[PDB]
Amino acid sequence: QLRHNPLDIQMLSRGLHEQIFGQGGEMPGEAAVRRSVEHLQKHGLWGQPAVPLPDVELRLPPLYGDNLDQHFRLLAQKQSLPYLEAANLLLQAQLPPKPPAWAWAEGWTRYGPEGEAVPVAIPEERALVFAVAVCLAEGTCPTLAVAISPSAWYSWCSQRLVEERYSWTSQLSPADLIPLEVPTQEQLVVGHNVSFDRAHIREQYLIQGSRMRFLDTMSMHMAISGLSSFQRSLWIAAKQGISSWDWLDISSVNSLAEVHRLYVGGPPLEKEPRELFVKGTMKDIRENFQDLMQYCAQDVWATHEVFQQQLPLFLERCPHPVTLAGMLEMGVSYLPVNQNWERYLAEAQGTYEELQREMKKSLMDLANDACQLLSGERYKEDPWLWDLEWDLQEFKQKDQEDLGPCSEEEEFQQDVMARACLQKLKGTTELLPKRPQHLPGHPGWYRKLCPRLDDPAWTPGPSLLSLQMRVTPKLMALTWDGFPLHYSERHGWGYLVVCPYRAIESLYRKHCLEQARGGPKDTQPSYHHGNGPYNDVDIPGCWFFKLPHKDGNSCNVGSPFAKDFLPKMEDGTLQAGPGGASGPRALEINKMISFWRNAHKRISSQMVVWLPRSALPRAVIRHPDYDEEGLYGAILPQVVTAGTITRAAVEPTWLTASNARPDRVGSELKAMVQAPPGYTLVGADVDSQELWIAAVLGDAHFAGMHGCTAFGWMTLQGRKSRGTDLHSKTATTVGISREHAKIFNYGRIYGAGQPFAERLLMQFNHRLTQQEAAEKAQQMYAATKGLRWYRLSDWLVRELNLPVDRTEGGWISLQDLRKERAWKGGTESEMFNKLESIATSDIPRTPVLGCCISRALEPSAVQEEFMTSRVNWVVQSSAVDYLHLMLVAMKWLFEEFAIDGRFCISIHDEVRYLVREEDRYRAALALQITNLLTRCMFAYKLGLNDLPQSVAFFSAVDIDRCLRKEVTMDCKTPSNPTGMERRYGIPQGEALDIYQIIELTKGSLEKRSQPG
Amino acid sequence: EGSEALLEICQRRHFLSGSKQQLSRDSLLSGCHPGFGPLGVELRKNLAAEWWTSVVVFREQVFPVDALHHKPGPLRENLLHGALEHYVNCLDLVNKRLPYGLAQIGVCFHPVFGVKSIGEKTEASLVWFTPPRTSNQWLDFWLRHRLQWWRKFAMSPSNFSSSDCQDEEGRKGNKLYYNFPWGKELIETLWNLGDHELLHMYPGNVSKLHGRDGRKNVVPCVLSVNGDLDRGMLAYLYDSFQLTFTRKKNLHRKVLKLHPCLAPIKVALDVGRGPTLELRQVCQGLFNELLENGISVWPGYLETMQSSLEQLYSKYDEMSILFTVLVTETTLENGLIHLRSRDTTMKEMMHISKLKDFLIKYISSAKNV
Amino acid sequence: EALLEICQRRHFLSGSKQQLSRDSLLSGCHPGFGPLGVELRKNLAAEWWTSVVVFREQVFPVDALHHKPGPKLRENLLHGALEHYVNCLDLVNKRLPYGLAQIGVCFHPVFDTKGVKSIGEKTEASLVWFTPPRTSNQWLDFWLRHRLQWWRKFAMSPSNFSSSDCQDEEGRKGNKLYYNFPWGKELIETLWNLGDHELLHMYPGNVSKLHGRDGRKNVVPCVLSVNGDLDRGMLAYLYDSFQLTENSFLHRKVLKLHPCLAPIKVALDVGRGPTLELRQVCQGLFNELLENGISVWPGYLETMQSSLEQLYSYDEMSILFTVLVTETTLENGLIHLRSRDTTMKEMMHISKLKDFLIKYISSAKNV
DNA sequence: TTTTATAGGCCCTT
DNA sequence: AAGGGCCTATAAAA
DNA sequence: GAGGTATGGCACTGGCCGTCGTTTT
DNA sequence: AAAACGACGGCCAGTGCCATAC
Ligand SMILES: Nc1ccn([C@H]2C[C@H](O)[C@@H](COP(=O)(O)OP(=O)(O)OP(=O)(O)O)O2)c(=O)n1
């Protein structure tokens, strides 16, 4: 049961290859083998030693259909059939007119054809168009909602809206949410950004799986007519007031109004002018109940019409059922949480505050000293603080001996006299200007730094200070290689009302003691070297240089306190004026707190719904880990199923959640998602998903072999112990470090070019002078993606009959008469050519699932305009197809073999499921089977039946109790210093190989067959 | 060094009493110093008040307790023993809900090498009875909170450091240090003492000591947090004087940048030149108003005019007074008074009616920064 | 009396029944005070400090050691103030009339035949007033007046606080203050005109260091020593709060302690209903009151396992007001408020409760 | 306010 | 090491 | 012909409307 | 005593830069 590829690549086991219908496949030819072997010899990647892989034999679950493609088609069709039926019921539905007036009754009310409002428990409907409104001021509890179903309107009101109550529960429960699910037959809910609506229906927070699925008009809109973020800016600017703009009239931003404009058109829909839910209070919502209900019904109606137009387009444009099934599965994602979550939040915030306060204190103290420079007018002699405003204003206008003690009446009269005399001054106070001044007796910059007194959140001193303010580098007197810093308007931060150049020169002389156009008047040269423009800004002493930037000379430095300047701080090029460790400590604090400063408003505001003991299942209740005093609940991430042009998921918080880092304050965020007692999380991340997709596409384009191209060979059988791995070979060919080679390759593969490589080379070794470095980059590119050959693609043979140049292909020749672009020999040239072919085809479609690109990216609309976007879209949408395949296969395996589990989360590469502790090992086996099947499906759709044993199975599945990159991570953070185990009773999980899983599970997914 | 100038300022500004030789580092750290001046006493009072507000006031399970100074009753070394004695009686306060504390601030006496003498340290102790299952967690909690409390009023909070330590009997604990210019000195100790001392204190029926851990009864583990408030006051005094440089040394202004909550004197009040009777009347009224709202004021207007405004500003800065208030002939006309901040040395105009509210808001907000 | 039993039960006084006796309490050898007693004594000391130190521009805090090094224990705070006198004279630029105030524990011998000898502790508040002799006696009367008023300030029966005049062997005037306990009068504060003999004996030679300015002339100050027992004062106020039976019309008993001195101002408790909702609302109100400086007894942490009458019989703890939060409060925000003094029950909105308590305390202070 | 039920806790049963 | 005896305290309640 | 796709925050700047002080018959 | 005008300041959108994820 051992197979080898004709390129001597360890293949799928002969036992398993025949089970993936390998028998009766195509036989690879001989000339293709000769060409591939010659290519590998030319790239020096042929004949390398191979380490055999232990072949895996196991009875696979039944495979339906003739081939794997029919298998996946059947599975996805079965999974999505009822929801397609419900969507068709919505599609071919004639709706009654909405009621003339709305109910204003607690709960659900159904409106009859004559407008009569009959209360109902839940809408007894299989398909609904849904829109939920929440009072943002009151928190996260839904306030009112409207639903459309075939021949029925429904409106739901909250008890917190109908009933006036002094207090409601701060901690939400499913009883507070709205009911939709029918008890024990499967429902479909359609909405615009339907995840937000889903987060407000109670039954979706139960641990058990729910047969209700969701369809998002945003996701389908991105699938059919979407645009990139740059394309979004272009579209918005064009509609507000690149050579071809034909794509404007076929795509729009994801807002419901413009989606209705594109797909439905006709009369525009008007938004709420006051935004009462977003801004107003609950009283405002009550006072405008009918209008707000009408607006919600308008949103429901617009979404319904949009869905009616979209569904035929989406089904036509993504014809494979796997895409729809994967979108439905991604619609419902579950994040289990416990009380620890809350503590986490508090702890994180507390830590953040402390780390902030310290920093602020430092900065504030500096300001409190800088004012002294106004006393001696020495601010104009300061090499940093002479740029600031130091203005001040005025207020507005039009011995005896011991007398002894005193009488009781005497001191009484003295006290009352003092009080009465003091009252006169208050009486005078009420005669001076109504508008008070803000620090008239302080400098202008210090007045800017201080909060105004009438601010509700006021703190003493210049509390507004932060490391990101322009004044802060001046206050710390930051010095770059002996140079005071400065702020040029057009070019950010660099290193150098009359400028004190004598003081700057004295400071530089002192620094040297501690250890280029040449105008001596005004702007000056430096006999020193560096990047940036020099003489655009005029200074009397002007050896001006821009700070180095990781994004080239064209870019500018917005803050010296950025995380990438900590290495320069440790080097000593960048230094602090006060000295010691004030600078390094400030940069360390900034590094620690940047993630939380960005993400606290999202993480804290995340919506938790806590299940009561009654909602808790009996398995959870009867478990030793069940703490009755504790709280168990869920967060439903608000994922847009297809939020990018690549149809990838978009979630503001959880798809960008940082992994645990020892310095990042809130980095234990994903670890805080902890399974309930009796349940564990079984997850896995795909091994080099994008790299392998690109490699297999290149291999299929070049020949019928796996690893026939050099890039595919490297991706399949790289090894860091010796050479022959991709990064090490790139480093050996170029001449720089292996980490630099890795960053070069990963930057390039996303559709990069010459400037990126030249900039990275210059940043890495300034010692290599610009043009030399450029040549180096060029050579790198000639090795990776060979030189372009135009091949008569500008007529061209007629112009060639001059005769001038030779050969049947071009040499990027330029004619300058003013009367199929391929690549050449290179390891990645074949995959680049395949990607360009897919991008430039008339209707670019994903090679596996056949999903089309957006109508705003089709060549007929964007001819030769967005090329990097399309070539990157090919790989990224292929990854999305891979994700959909995995989801469909996992759903099929769970529903087939009765694995008590649920889809938890998917972060691009990672997929994690919430399984029972009993069936965690069966779930791991199912995950391995699904990975094998998805890789084989990719291979078959490309054209190759066999699959390398290297990528056949997952590297290792993670069985844990929380989301971590590795089960061994203890998630030490500033906010979680004690560690995961010592803070909360969460032990380390385990990583299981395919061999370990099969040994544990006897190679079966059946509960009876599982050993005990 | 700048330590000599700081001690000279403290001696001159009545932060520390006694002669220069009596205020040696050994004398100060041992607790055998002659005593504190009024400013030092007030600073220590503010520090103890902040400790009480951060431990006792905002916790339902922490109660005040008074322990006697003499052990036999037929001297005191630590406040732990009195709280351990009061544990059973005070258990009734929480209906035996086990996690609860007894807090006390008082003077303890320590022998040191006549040939041997006795030093006094006013220390603040919290004895926290906790269920054993959560003892280490509570220890970590208190460690974090105490360290944060020490760093809260510090100009250079990094000087306050925490270390982990082990008992010879295997009991975990944490120590807190302040980095004086000569090195680190111990200022607070947190120990997980178990229940051995508590059990030895009540021989016979152990059921008398049982406390409720939720639905379970267990003999509590005793957590002892003991901080030296004298050494803390000394540390904050050293922290107010920046020993660091460059332009900071060019300024070279002798100021004690004490935290507003800890500064012994908040405001300084003085008169200018003009009609003395009216100015004295208005200053007496303002002084009474400010005192009535609990804001400490230094009555500089009672002294005649012998020093300049610069001399007054330097004297007040050495006394760590937050604000200086000047009443002139202008105040009699339009009611505006001159307010000078210690931090920025900048002068501002403020009307008298707004002064009390502004000062109270400043003091209250200083905690919330 | 039954008052001692109540103090034992309500954690005003610590120790057993036999350890708490009239002789033991007066001698100062009692085991110690309960948390409520400690808070009452702290409030009393704060009231003393606000009426003596911040009251006068010339009064400064002082720290005196407890052991008086040299091979004994402290008996009075006078010695420490006299030691700090010369150093603090520079604080006032030798402006002679000025004071040093201090509150601290002093030790005195105590023993009984039943023998050996024991040590008792008394927490005393001392004011040492250096005044020119020409007005010294006048100042003495002043302080006497003030001290008497202060004792009468918080007293339900100020007539029990009495003042007596006494004379030294060498003709120095002084005053004593007494409280009328049920068994008789007991001394609680002492004021003496000590001349300058202790001060001169403290500095043999260099008498020029002790000179203080008084109308451009230099004179050695006269020392006035005011010494009050805060322990016995707290005991006196406890006895004064136990004015026979309770209010309204079982003969239960209430301690009508002064609002400024009462250790606990308000008590918070829940009624019948959703425990989580009521506890959340009570926690919010508790945090609000603490942030506004109102001492609160957190009874909601025990729910309401006891009856309403036993819960009110807080009266033995001298709590000014009792607040009950029910499921009705979740609807309209109204809570039940019971006053200790009048025993009247009222409905009040939570929003007004903190303001009402603060205004009540402020008016009690200004009366 | 029990009383019977509910988890504690401690002495005895393969 | 288990589960099954003993009293036994708890908290909302028929 | 471009390192790609998303998310989001903070600091800084400019345009517009309300208020207040100042100036005219 | 009514009418024109300039200055100061707050609110919101746009822009640049930085920080996360895959
Ligand atoms: N629990 C995990 C964590 C990670 N990975 C894999 C997915 C990533 O693709 C891989 C990291 O690959 P590098 O880019 O770091 O490459 P290697 O270090 O694996 O390759 P080389 O041997 O060439 O250095 O880790 C995994 O399978 N399971």
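Here, residue numbers run from 1 along each chain following its sequence as written; these need not agree with the numbering used in the entry, and residues that have no coordinates do not appear. Each chain is given a letter, starting from A, and each ligand a number, starting from 1, according to the order in which they appear as written. Here the side-chain values reflect all heavy atoms present in the structure, with hydrogen atoms and water set aside. Residues with missing side-chain atoms are left out of burial classes, side-chain pairs and their counts.

If you check the header, you'll see the entry was determined by X-ray crystallography and the resolution is listed as 3.43 Å.

**Re the overall build of chain A**
The condition that has to hold: Every helix listed is a DSSP run of H or I at least four residues long, and every strand listed is a run of E at least two residues long, numbered separately from the N terminus. Throughout, the radius of gyration refers to the C-alpha atoms, and the reference size of a globule is 2.2 Å times the residue count to the power 0.38.
Within chain A, the regular secondary structure consists of 34 helices and 20 strands. Since a compact globule built from 1012 residues should have a radius of gyration of about 31 Å, the 34 Å found for chain A is in line with a globular shape. Over its C-alpha atoms, taken along the principal directions, chain A stretches across nearly 120 × 85 × 65 Å.

**Focus on the UniProt feature "short sequence motif: Pol B" in chain A**
The condition is simple: UniProt positions are given in the numbering used here, feature names are shortened, and annotations may be inferred rather than shown by experiment.
Within this structure's numbering, the places UniProt gives as "short sequence motif: Pol B" are residues 738–753 of chain A. Split by type, residues 738–753 of chain A is 69% helix and 0% strand. Its first and last C-alpha atoms lie 20 Å apart.

**Thoughts on the domain arrangement of chain C**
Residue and element names in this part refer to chain C. Let me state the cut-off plainly: Boundaries of every domain are those given by an automatic assignment or by a domain database. Here, two residues are considered to be in contact whenever any of their heavy atoms come within 4.5 Å of each other. Note on definitions: buried area is the accessible-area loss of two parts on being combined, 1.4 Å probe, summed for both. Between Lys or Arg on one side and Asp or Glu on the other, a salt bridge is scored when a side-chain nitrogen of the former is within 4 Å of a carboxyl oxygen of the latter. Within 3.5 Å is the distance limit for a polar contact, defined as a pair of N or O atoms, with the added protein rule that one can donate a hydrogen and the other accept it, and that residues adjacent in sequence qualify only through two side-chain atoms.
Entries for chain C in the domain assignment read domain 1 (2–262) and domain 2 (263–367). Between domain 1 and domain 2, the C-alpha centre-to-centre distance is 35 Å. Tallying the contact residues gives 22 residues for domain 1 and 17 residues for domain 2. Considering only the surface of domain 1 that becomes buried against domain 2, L36, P259 and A262 emerge as the three largest contributors, covering 32% of it. Across the contact surface, domain 1 and domain 2 share three salt bridges. Its salt-bridge partner being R9, residue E316 comes within 3.1 Å of it at the nearest N-O pair. The interface formed by domain 1 and domain 2 includes ten residue pairs in polar contact. Secondary-structure elements contributing two or more residues to the side of domain 1 that touches domain 2 are α1 (2–9) and α3 (35–52). Broken down by element, the residue count for the side of domain 1 that touches domain 2 peaks at five residues, all from α3.

**Here we look at the site of the ligand**
All names here are of chain A. Convention followed: Near is defined per residue: the residue qualifies when any heavy atom it owns lies within 4 Å of the molecule or strand. Every accessible area reported is derived by Shrake-Rupley at a probe size of 1.4 Å, with residue values counting cover from the shown protein chains alone.
Inspection of the region around the ligand gives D685, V686, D687, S688, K720, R738, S955, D958, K965 and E966 as its neighbouring residues. In this structure, a nitrogen atom belonging to the ligand sits 2.9 Å away from a side-chain N or O atom of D685. For the ligand, the accessible surface in isolation is 630 Å², of which the surrounding protein chains cover 56%.

**Here's the deal with helix α5 (residues 133–153) of chain C**
Rules: Between the first and last residue of a helix there are one fewer steps than residues, each counted as 1.5 Å, and that sum is the expected span. Burial here depends on accessible area, computed with a 1.4 Å probe over protein chains only, as a share of the maximum for the residue type. Under 20% is buried, over 50% is exposed, and the range in between is partly exposed.
Under the 1.5 Å per step criterion, the end-to-end length of α5 of chain C is 30 Å for 21 residues, consistent within 8% with the ideal 30 Å. Within the span of α5 of chain C, buried status applies to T135, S136, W139, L140, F142, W143, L144, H146, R147, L148, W150 and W151 of chain C.

**Some details on the protein's contact with DNA strand F**
Residue and element names in this part refer to chain A. Selection rule: For this classification, the nonpolar set comprises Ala, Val, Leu, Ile, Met, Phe, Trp, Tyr, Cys and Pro, the charged set comprises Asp, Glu, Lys and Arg, and every other residue, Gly included, is treated as polar.
Near DNA strand F, the surroundings consist of 33 residues, among which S466, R470, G753, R821 and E865 are the closest. Sugar and phosphate atoms represent 68% of those atoms of DNA strand F found within 4 Å of the protein. With respect to DNA strand F, the backbone of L227 contributes an N or O atom lying 3.2 Å from a phosphate oxygen. Elements represented by at least two residues in the surface near DNA strand F include exactly α19 (582–603), α24 (738–748), α25 (754–764) and α30 (867–897). When its residues are assigned to classes, the surface near DNA strand F shows twelve nonpolar, twelve polar and nine charged.

**A closer look at the domain arrangement of chain A**
With domains assigned, chain A is organised as domain 1 (14–79 + 683–690 + 883–1001), domain 2 (93–317) and domain 3 (712–876). If you average the C-alpha positions of domain 1 of chain A and of domain 2 of chain A, the two centres end up 38 Å apart.

**Some details on α1 of chain C**
Note: α-helices contain 3.6 residues per turn, so residues at a spacing of three or four share the same orientation. Residue and element names in this part refer to chain C. Note the cut-off: In this context, the arc is that of the directions from the helix axis out to the C-beta atoms.
What α1 keeps buried is the set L3, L4, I6 and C7. End-on, the buried residues of α1 take up no more than an arc of 160°, which puts them together on one face. The inward-facing, buried residues of α1 abut α2 (22–27) and α7 (230–241). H11 lies just past α1 and shows a positive phi near 60°.

**Notes on the interface of chain C and chain B**
Taken together, the 44 residues of chain C in the interface contact 41 residues of chain B. When the residues that make up the side of chain C that touches chain B are grouped by side-chain class, the tally is 21 nonpolar, 13 polar and ten charged.

**A look at the environment of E981 of chain A**
Residue and element names in this part refer to chain A. With respect to the secondary-structure elements, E981 resides in helix α33 (residues 980–983). Its relative accessible area of 40% is what places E981 among the partly exposed residues. Separated by 121 residues in sequence, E981 and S860 have C-alpha atoms that sit 57 Å apart. Here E981 is in contact with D970, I986, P987 and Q988, once residues within four sequence places are set aside. Polar contacts involving the side chain of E981 include one to the main-chain amide nitrogen of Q988, which spans 3.4 Å.

**Quick notes on the interface of chain A and chain B**
With 47 residues of chain A at the interface, the matching set in chain B holds 45 residues. When the area that chain A buries against chain B is broken down by residue, the three leading residues are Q372, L422 and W458 of chain A, summing to 15%. Salt-bridge contacts for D365 of chain A lead to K257 of chain B; the nearest nitrogen and oxygen are separated by 3.1 Å. For the pair chain A and chain B, the number of links is 13 residue pairs in polar contact. Here the side of chain A that touches chain B is composed, by residue class, of 23 nonpolar, nine polar and 15 charged.

**Quick word on the UniProt feature "short sequence motif: Pol A" in chain A**
Feature annotation in UniProt places "short sequence motif: Pol A" on residues 682–691 of chain A, given in this structure's numbering. Within the segment residues 682–691 of chain A, helix and strand shares are 30% and 40% respectively, and the terminal C-alpha atoms sit 24 Å apart.

**Digging into the environment of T644 of chain A**
All names here are of chain A. Relative to the assigned elements, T644 resides in the loop between β15 (632–635) and β16 (679–685). Every residue in contact with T644, bar those within four places of it in the chain, is listed here: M222 and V650. At 2.7 Å, the side chain of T644 and the side chain of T646 are in polar contact.

**A look at a negative patch on the surface**
Operational definition: Surface patches are defined over residues having more than 30% relative accessible area and no salt bridge, joining like charges when they lie within 9 Å and nonpolar side chains (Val, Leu, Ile, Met, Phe, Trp, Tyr) when within 5 Å. For the purpose of counting charges, residues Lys and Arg are taken to be positive, whereas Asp and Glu are taken to be negative. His and the chain ends are not included. For this purpose, a charge sits on NZ of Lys, CZ of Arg, CG of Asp or CD of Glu.
On the surface, a cluster of negative charge is contributed by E106 and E163 of chain A together with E327 and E331 of chain C. A residue is classified by how much of its surface remains accessible, and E163 of chain A, at 35% relative accessible area, is partly exposed.

**Considerations on the packing of aromatic side chains**
Stated formally: The aromatic pairing rule takes the rings of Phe, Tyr and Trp, using the six-membered ring of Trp, and pairs them if the centres are within 6.5 Å, calling planes under 30 degrees apart stacked, those over 60 edge-to-face and the rest tilted. Here, a charge over a ring is recorded when the distance from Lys NZ or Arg CZ to the ring centre is within 6 Å and its angle to the ring normal is within 35 degrees.
A full pass over the atoms with the stated rule returns 80 aromatic pairs over all chains. Note on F323 of chain B and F358 of chain B: the rings are 5.5 Å apart at their centroids and 65° apart in plane angle, and the pair reads as edge-to-face. Residue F323 of chain B is located in strand β12 (residues 323–327), and its partner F358 of chain B is located in helix α12 (residues 352–368); the two are separated by 35 residues in the primary sequence. The exposure class of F323 of chain B is buried, given its relative accessible area of 7%. The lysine or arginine in question, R25 of chain B, covers the ring of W182 of chain B, its NZ or CZ lying 4.5 Å from the ring centre. Residue placement shows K45 of chain B over the ring face of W49 of chain C; its charged tip is 5.3 Å from the ring centre.

**Details of the nonpolar core**
Short version of the rule: Only buried residues count toward a nonpolar core. Its members are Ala, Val, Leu, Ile, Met, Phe, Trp, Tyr and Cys residues joined through side-chain atoms within 4.5 Å.
Of all hydrophobic cores here, the largest spans 155 residues; its most connected members are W247 and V957 of chain A. Counting residues per element, this core draws most heavily on α30 of chain A, at 15 residues. Ranked by size, the runner-up nonpolar core spans 111 residues in total, among them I6, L140, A236 and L357 of chain C.

**Re the pattern of salt bridges**
Applying the stated criterion across every chain yields a total of 73 salt bridges over all chains. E30 of chain A is the partner of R34 of chain A in a salt bridge, and the nearest nitrogen-oxygen pair spans 3.6 Å. For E30 of chain A, a relative accessible area of 59% puts it in the exposed group. Bridged by salt links that share partners, the residues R343, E347 and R983 of chain A together with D140 and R144 of chain B form one connected network.

**Focus: the side chain of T709 of chain A**
Residue and element names in this part refer to chain A. In this structure, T709 sits in the loop between α21 (689–702) and α22 (710–717). Residue class for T709 comes out buried when judged on its relative accessible area of 1%. Setting aside chain neighbours within four positions, we find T709 in contact with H39, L40, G698, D699, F702, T827 and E830.

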